[PDB]
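Asks: My file is protein_10.cif. It has mmCIF, C-alpha atoms and all ligand atoms:
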data_query
#
loop_
_atom_site.label_atom_id
_atom_site.label_comp_id
_atom_site.auth_asym_id
_atom_site.auth_seq_id
_atom_site.Cartn_x
_atom_site.Cartn_y
_atom_site.Cartn_z
CA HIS A 1 141.41 96.84 210.94
CA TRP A 2 138.74 99.33 211.94
CA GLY A 3 138.26 102.60 210.12
CA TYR A 4 135.59 104.76 208.52
CA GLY A 5 135.02 102.98 205.24
CA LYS A 6 132.07 100.93 203.98
CA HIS A 7 133.67 97.71 205.02
CA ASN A 8 135.33 98.67 208.31
CA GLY A 9 133.33 101.68 209.50
CA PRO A 10 131.12 102.36 212.53
CA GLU A 11 128.46 99.76 211.66
CA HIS A 12 131.17 97.06 211.84
CA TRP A 13 132.97 98.06 215.01
CA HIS A 14 130.79 96.01 217.35
CA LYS A 15 132.20 92.73 216.00
CA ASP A 16 135.66 93.42 217.44
CA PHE A 17 134.47 95.85 220.17
CA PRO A 18 131.15 94.63 221.54
CA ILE A 19 130.97 97.61 223.92
CA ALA A 20 129.98 99.53 220.76
CA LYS A 21 126.40 98.56 221.72
CA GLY A 22 126.92 99.49 225.38
CA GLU A 23 124.99 101.56 227.86
CA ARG A 24 127.02 104.78 227.70
CA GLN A 25 128.33 105.18 224.16
CA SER A 26 129.33 108.40 222.43
CA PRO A 27 128.71 110.61 220.61
CA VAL A 28 125.03 111.44 221.10
CA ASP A 29 122.53 113.95 219.84
CA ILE A 30 122.08 116.83 222.27
CA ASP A 31 118.40 117.61 222.37
CA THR A 32 118.53 121.15 223.70
CA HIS A 33 114.96 121.26 224.85
CA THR A 34 115.35 118.02 226.87
CA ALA A 35 118.72 118.78 228.50
CA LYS A 36 118.20 120.04 232.01
CA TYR A 37 119.86 122.95 233.67
CA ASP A 38 121.79 121.73 236.73
CA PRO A 39 122.40 124.67 239.10
CA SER A 40 124.83 122.58 241.17
CA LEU A 41 127.30 122.25 238.28
CA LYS A 42 130.32 124.47 238.91
CA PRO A 43 131.89 126.71 236.30
CA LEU A 44 134.52 124.99 234.23
CA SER A 45 138.13 125.81 235.01
CA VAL A 46 140.39 125.59 231.98
CA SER A 47 143.98 126.25 233.02
CA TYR A 48 146.15 126.06 229.94
CA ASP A 49 148.69 128.83 230.63
CA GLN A 50 151.55 126.39 231.30
CA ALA A 51 150.71 123.98 228.46
CA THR A 52 153.67 122.25 226.82
CA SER A 53 152.87 120.93 223.35
CA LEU A 54 155.43 118.49 221.95
CA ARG A 55 154.46 116.85 218.72
CA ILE A 56 151.81 116.42 216.05
CA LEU A 57 151.06 112.92 214.76
CA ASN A 58 148.95 111.50 211.91
CA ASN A 59 147.74 108.20 213.44
CA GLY A 60 145.73 107.06 210.44
CA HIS A 61 142.38 108.07 211.99
CA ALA A 62 142.96 111.74 212.81
CA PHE A 63 145.93 113.95 213.78
CA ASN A 64 146.85 114.47 217.43
CA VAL A 65 148.67 117.41 218.99
CA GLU A 66 150.33 115.84 222.01
CA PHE A 67 151.30 117.52 225.29
CA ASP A 68 153.64 116.87 228.19
CA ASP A 69 151.29 115.37 230.77
CA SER A 70 153.98 114.35 233.29
CA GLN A 71 153.12 117.33 235.53
CA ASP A 72 150.07 119.54 236.13
CA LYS A 73 150.72 121.98 233.29
CA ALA A 74 147.43 122.23 231.37
CA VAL A 75 144.49 121.02 233.40
CA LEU A 76 140.74 120.96 233.37
CA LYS A 77 138.79 121.07 236.63
CA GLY A 78 135.39 122.13 237.94
CA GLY A 79 132.19 121.70 236.02
CA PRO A 80 130.90 118.15 236.65
CA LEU A 81 134.42 116.98 237.52
CA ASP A 82 135.91 115.94 240.83
CA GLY A 83 139.66 116.32 240.84
CA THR A 84 142.22 117.40 238.29
CA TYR A 85 142.32 116.23 234.69
CA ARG A 86 145.52 116.69 232.66
CA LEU A 87 145.52 117.57 228.97
CA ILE A 88 147.26 114.82 226.97
CA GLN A 89 146.27 115.61 223.38
CA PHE A 90 143.75 117.26 221.13
CA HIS A 91 142.42 116.22 217.78
CA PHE A 92 139.54 116.82 215.40
CA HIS A 93 136.89 114.95 213.47
CA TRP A 94 135.68 116.44 210.19
CA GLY A 95 133.67 115.95 207.05
CA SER A 96 134.10 115.76 203.31
CA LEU A 97 131.51 118.57 203.07
CA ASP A 98 130.79 121.53 205.34
CA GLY A 99 127.36 120.06 206.21
CA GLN A 100 128.80 117.12 208.17
CA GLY A 101 131.81 116.15 210.25
CA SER A 102 130.91 116.59 213.91
CA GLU A 103 130.35 113.59 216.16
CA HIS A 104 127.93 115.19 218.58
CA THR A 105 124.94 116.87 217.04
CA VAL A 106 122.69 119.60 218.47
CA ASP A 107 119.01 119.09 217.73
CA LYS A 108 120.24 116.80 214.96
CA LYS A 109 122.38 119.58 213.45
CA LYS A 110 125.82 118.48 212.25
CA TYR A 111 128.74 120.90 212.37
CA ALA A 112 131.64 120.89 209.90
CA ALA A 113 134.03 119.51 212.49
CA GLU A 114 134.53 118.86 216.17
CA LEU A 115 137.59 119.48 218.35
CA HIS A 116 138.33 117.08 221.23
CA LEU A 117 140.67 118.15 224.03
CA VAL A 118 141.41 114.94 225.86
CA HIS A 119 142.25 114.93 229.57
CA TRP A 120 142.82 112.20 232.17
CA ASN A 121 142.13 112.05 235.92
CA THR A 122 145.41 112.34 237.77
CA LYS A 123 144.19 110.06 240.58
CA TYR A 124 144.79 107.14 238.22
CA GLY A 125 148.46 107.91 237.57
CA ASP A 126 148.60 107.55 233.81
CA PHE A 127 146.31 107.58 230.76
CA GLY A 128 146.37 103.83 230.25
CA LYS A 129 145.02 103.27 233.78
CA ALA A 130 142.54 106.12 233.47
CA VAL A 131 140.81 104.65 230.42
CA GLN A 132 139.90 101.61 232.57
CA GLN A 133 137.84 103.78 234.98
CA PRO A 134 134.30 105.19 234.64
CA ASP A 135 135.60 108.62 235.59
CA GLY A 136 138.97 108.33 233.96
CA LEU A 137 138.78 110.87 231.17
CA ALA A 138 137.24 114.26 230.52
CA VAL A 139 136.95 115.29 226.90
CA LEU A 140 136.16 118.93 226.12
CA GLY A 141 134.28 119.03 222.78
CA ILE A 142 134.07 122.18 220.68
CA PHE A 143 132.10 122.49 217.45
CA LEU A 144 133.56 124.11 214.34
CA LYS A 145 131.50 125.95 211.74
CA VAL A 146 132.81 127.38 208.51
CA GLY A 147 132.95 131.20 208.30
CA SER A 148 135.78 133.47 209.43
CA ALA A 149 139.22 132.01 210.07
CA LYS A 150 140.33 131.02 213.53
CA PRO A 151 143.73 132.62 213.88
CA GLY A 152 144.80 130.29 216.68
CA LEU A 153 144.24 127.28 214.42
CA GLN A 154 146.55 128.42 211.66
CA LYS A 155 149.81 127.03 213.11
CA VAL A 156 148.13 123.60 213.15
CA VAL A 157 146.89 123.97 209.56
CA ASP A 158 150.30 124.94 208.27
CA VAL A 159 152.15 121.92 209.64
CA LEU A 160 149.70 119.40 208.10
CA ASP A 161 151.75 119.15 204.89
CA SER A 162 154.49 117.58 206.96
CA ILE A 163 152.26 114.83 208.38
CA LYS A 164 150.20 113.96 205.33
CA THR A 165 150.25 110.21 205.81
CA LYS A 166 149.74 107.66 208.57
CA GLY A 167 152.66 107.35 210.99
CA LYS A 168 154.22 110.73 210.22
CA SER A 169 154.97 113.08 213.09
CA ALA A 170 156.53 116.51 213.44
CA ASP A 171 157.84 118.61 216.29
CA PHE A 172 155.11 120.94 217.45
CA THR A 173 156.26 122.95 220.45
CA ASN A 174 154.96 126.14 222.01
CA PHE A 175 151.42 125.82 220.69
CA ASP A 176 148.81 127.51 222.87
CA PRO A 177 145.49 125.64 222.90
CA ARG A 178 143.74 128.65 224.47
CA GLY A 179 143.57 130.02 220.90
CA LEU A 180 141.10 127.28 220.00
CA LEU A 181 138.43 128.17 222.59
CA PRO A 182 135.27 130.15 222.03
CA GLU A 183 134.36 133.10 224.25
CA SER A 184 131.79 131.28 226.37
CA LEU A 185 132.40 128.17 228.47
CA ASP A 186 128.64 127.32 228.71
CA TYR A 187 128.40 123.54 228.23
CA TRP A 188 126.39 120.36 228.20
CA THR A 189 127.69 117.29 230.01
CA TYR A 190 126.92 113.56 230.13
CA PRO A 191 128.70 110.26 230.79
CA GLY A 192 129.98 108.52 227.66
CA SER A 193 132.77 106.81 225.86
CA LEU A 194 135.68 107.10 223.48
CA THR A 195 134.16 107.64 220.04
CA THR A 196 136.62 105.28 218.30
CA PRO A 197 137.69 101.78 219.18
CA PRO A 198 138.28 100.61 221.84
CA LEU A 199 135.11 102.59 222.69
CA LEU A 200 135.83 102.44 226.40
CA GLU A 201 133.16 103.85 228.71
CA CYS A 202 135.51 106.11 230.60
CA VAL A 203 134.67 109.65 229.49
CA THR A 204 132.90 112.56 231.12
CA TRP A 205 131.89 114.57 228.06
CA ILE A 206 131.80 118.33 228.31
CA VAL A 207 130.53 119.85 225.05
CA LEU A 208 130.63 123.64 224.67
CA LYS A 209 127.50 125.38 223.41
CA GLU A 210 129.36 128.05 221.43
CA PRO A 211 131.09 126.86 218.25
CA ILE A 212 134.28 128.32 216.89
CA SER A 213 134.44 129.51 213.31
CA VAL A 214 137.16 128.40 210.95
CA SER A 215 137.63 129.38 207.33
CA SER A 216 136.83 127.32 204.28
CA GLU A 217 140.58 127.27 203.51
CA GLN A 218 141.37 125.94 206.98
CA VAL A 219 138.96 122.99 206.76
CA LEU A 220 140.02 122.30 203.15
CA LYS A 221 143.53 121.72 204.48
CA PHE A 222 142.26 119.11 206.93
CA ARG A 223 140.69 117.30 203.97
CA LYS A 224 144.06 116.97 202.19
CA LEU A 225 145.39 114.62 204.86
CA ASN A 226 145.54 110.88 204.15
CA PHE A 227 144.34 107.85 206.11
CA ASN A 228 146.94 105.73 204.36
CA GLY A 229 150.66 105.42 204.81
CA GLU A 230 153.22 106.82 202.37
CA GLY A 231 153.47 104.58 199.31
CA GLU A 232 150.02 103.10 199.81
CA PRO A 233 146.96 104.02 197.74
CA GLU A 234 145.76 107.52 198.61
CA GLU A 235 142.60 107.81 200.57
CA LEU A 236 141.68 111.22 201.82
CA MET A 237 141.20 111.59 205.56
CA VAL A 238 137.63 112.87 205.59
CA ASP A 239 134.45 111.76 207.36
CA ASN A 240 136.36 110.38 210.33
CA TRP A 241 133.35 110.78 212.62
CA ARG A 242 131.08 108.28 214.38
CA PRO A 243 127.35 109.07 214.16
CA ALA A 244 125.17 109.69 217.19
CA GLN A 245 124.48 106.65 219.40
CA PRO A 246 121.40 105.90 221.51
CA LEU A 247 121.17 107.95 224.70
CA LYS A 248 119.75 105.03 226.68
CA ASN A 249 119.53 105.66 230.42
CA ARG A 250 121.27 109.02 230.48
CA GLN A 251 120.32 112.66 231.02
CA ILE A 252 122.28 115.45 229.43
CA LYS A 253 122.79 118.32 231.88
CA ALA A 254 123.31 121.96 230.95
CA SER A 255 125.41 124.50 232.81
CA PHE A 256 123.25 127.38 231.59
CA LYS A 257 119.63 128.44 231.28
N1 LIG B 301 137.41 110.74 219.99
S1 LIG B 301 137.78 110.61 221.55
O1 LIG B 301 138.25 111.84 222.14
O2 LIG B 301 136.69 109.96 222.28
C1 LIG B 301 139.16 109.51 221.67
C2 LIG B 301 140.29 109.82 222.43
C3 LIG B 301 141.36 108.92 222.53
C4 LIG B 301 141.29 107.70 221.86
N2 LIG B 301 142.28 106.69 221.87
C5 LIG B 301 143.52 106.77 222.55
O3 LIG B 301 143.84 107.74 223.20
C6 LIG B 301 144.39 105.57 222.39
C7 LIG B 301 144.36 104.66 223.56
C8 LIG B 301 143.17 104.09 223.93
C9 LIG B 301 143.12 103.24 225.04
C10 LIG B 301 144.31 103.01 225.77
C11 LIG B 301 145.51 103.62 225.42
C12 LIG B 301 145.53 104.46 224.31
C13 LIG B 301 140.18 107.40 221.09
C14 LIG B 301 139.12 108.29 220.99
ZN ZN B 302 137.72 112.50 219.16
#
Could I get this structure in the form of structure tokens?
Replies:
Amino acid sequence: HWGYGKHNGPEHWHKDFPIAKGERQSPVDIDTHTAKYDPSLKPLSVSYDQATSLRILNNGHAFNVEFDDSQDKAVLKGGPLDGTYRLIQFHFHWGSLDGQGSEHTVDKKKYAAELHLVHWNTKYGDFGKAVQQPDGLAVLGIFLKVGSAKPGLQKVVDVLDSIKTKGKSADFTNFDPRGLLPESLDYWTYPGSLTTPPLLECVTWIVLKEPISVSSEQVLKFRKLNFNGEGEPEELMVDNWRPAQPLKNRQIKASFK
């Protein structure tokens, strides 16, 4: 099965998922000097006040904090988007070292980690239908650098002991994802894909310019998770990122000058 190792990692994915070599794959390098300001972009609207988190799951590739997406409770709108996109889960990608771990890069710079807040377009009724549409998903990407702690991340860090291995879940209610956002909502946007198999070309990417800072102790706790199941040989869940893919016939737009 696919993963992030030498024998099943990103260079192999195309054999089971030929769209890996498609026309709108993610992540990409964001060349800041080549992105163009688009004055018609609207400000983002992040409306997370009624968010209902339910559960945290180690799925063997990352950990997901899942939300109740059966009503408009935590939604993303505006920016490049038409319509209302409901938050279904967030997760991270991270490195074995502070010098790598993000999926997107900025002028070839890699961050220590990257947060993905995954949303789907309510016009398609459910997530499984949305991933089959070119405008089905909107993923809000936020870079993490190592420095000061992010207080709003700590509740996530402290539950990780309970979901160390693949297939473990834990109750995770009343978590407020607003505590994971930076001050500014300035962003870059482009059309792309899921960054893991099945690599579907269904995502409007919205990547914030301002990173959040997390502490060394916080990211070290991410690196204690396991890709394996309980009772299987231990392999640390680190370097669960896909490298930058060719931009091809796309322009990255910026919301700011
Ligand atoms: N790293 S990312 O945010 O691009 C990203 C976000 C989500 C997924 N996968 C699913 O959510 C699972 C699924 C896929 C297809 C159909 C039903 C379920 C992979 C990558
Ligand atoms: Zn992701």
Asks: Could you check which of A:163, A:203, A:30, A:149 is closest to residue 217 (chain A), using all atoms listed in the file?
Replies: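 Among the listed residues, A:149 lies closest to residue 217 (chain A).
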Asks: Given the choices A:73, A:216, A:191, A:41, which gets closest to residue 250 (chain A) if the distance is worked out from only C-alpha atoms?
Replies: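 Checking each candidate against residue 250 (chain A), we get A:191 as the closest.
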Asks: Using all atoms of ligand LIG 301 (chain B) that appear in the file, construct an axis-aligned enclosing box with 5 Å of padding on every side and provide its centre coordinates and edge lengths in Å, rounded to one decimal, as AutoDock Vina command-line options.
Replies:
--center_x 141.1 --center_y 107.4 --center_z 222.9 --size_x 18.8 --size_y 18.8 --size_z 15.8
Asks: Show me, as CSV, the residues of chain A having an atom within 7 Å of ligand ZN 302 (chain B), each with the closest atom pair and its distance in Å, using all atoms listed in the file.
Replies:
residue,atom,partner,partner_atom,distance
A:91,CA,B:ZN302,ZN,6.2
A:92,CA,B:ZN302,ZN,6.0
A:93,CA,B:ZN302,ZN,6.3
A:116,CA,B:ZN302,ZN,5.1
A:195,CA,B:ZN302,ZN,6.1
Asks: Taking only C-alpha atoms and all ligand atoms into account, list the residues no farther than 10 Å from ligand LIG 301 (chain B), as a PyMOL selection string.
Replies: chain A and resi 25-27+59+61-62+64+88-93+103+114-119+126-132+137-141+192-205+240-242
Asks: Could you check the closest approach to residue 206 (chain A) for each of A:67, A:222, A:187, A:227 and tell me which residue wins, using all atoms listed in the file?
Replies: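 Among A:67, A:222, A:187, A:227, it is A:187 that comes nearest to residue 206 (chain A).
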Asks: Extract, using only C-alpha atoms, all DNA, RNA and protein residues at most 12 Å from residue 234 (chain A), discarding same-chain residues fewer than 3 positions from it, and format them as a PyMOL selection string.
Replies: chain A and resi 60+164-166+224-231+237-238
Asks: Mind pulling up the distance from CA of residue 243 (chain A) to CA of residue 10 (chain A)?
Replies: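 Distance between the two atoms: 7.9 Å.
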Asks: Quick one: everything within 9 Å of residue 123 (chain A), counting only C-alpha atoms, minus sequence neighbours fewer than 6 positions away in the same chain. Send it as a PDB file with C-alpha atoms, in the coordinates of the input.
Replies:
ATOM      1  CA  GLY A  83     139.660 116.320 240.840  1.00  0.00           C
ATOM      2  CA  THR A  84     142.220 117.400 238.290  1.00  0.00           C
ATOM      3  CA  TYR A  85     142.320 116.230 234.690  1.00  0.00           C
ATOM      4  CA  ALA A 130     142.540 106.120 233.470  1.00  0.00           C
ATOM      5  CA  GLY A 136     138.970 108.330 233.960  1.00  0.00           C
TER       6      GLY A 136
END
Asks: Which of these residues is nearest to residue 169 (chain A), using only C-alpha atoms: A:111, A:94, A:190, A:63?
Replies: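 Smallest separation from residue 169 (chain A) among the options: A:63.
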Asks: Select, from A:101, A:18, A:80, A:5, the residue with the minimum atom-to-atom distance to residue 45 (chain A), counting all atoms listed in the file.
Replies: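 Under the stated criterion, the closest residue is A:80.
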Asks: Find the residues near residue 51 (chain A): any atom within 9 Å, counting only C-alpha atoms, skip ones fewer than 6 places away on the same chain, and give them as a ChimeraX atom specification.
Replies: /A:67-69,72-75,87,174-177
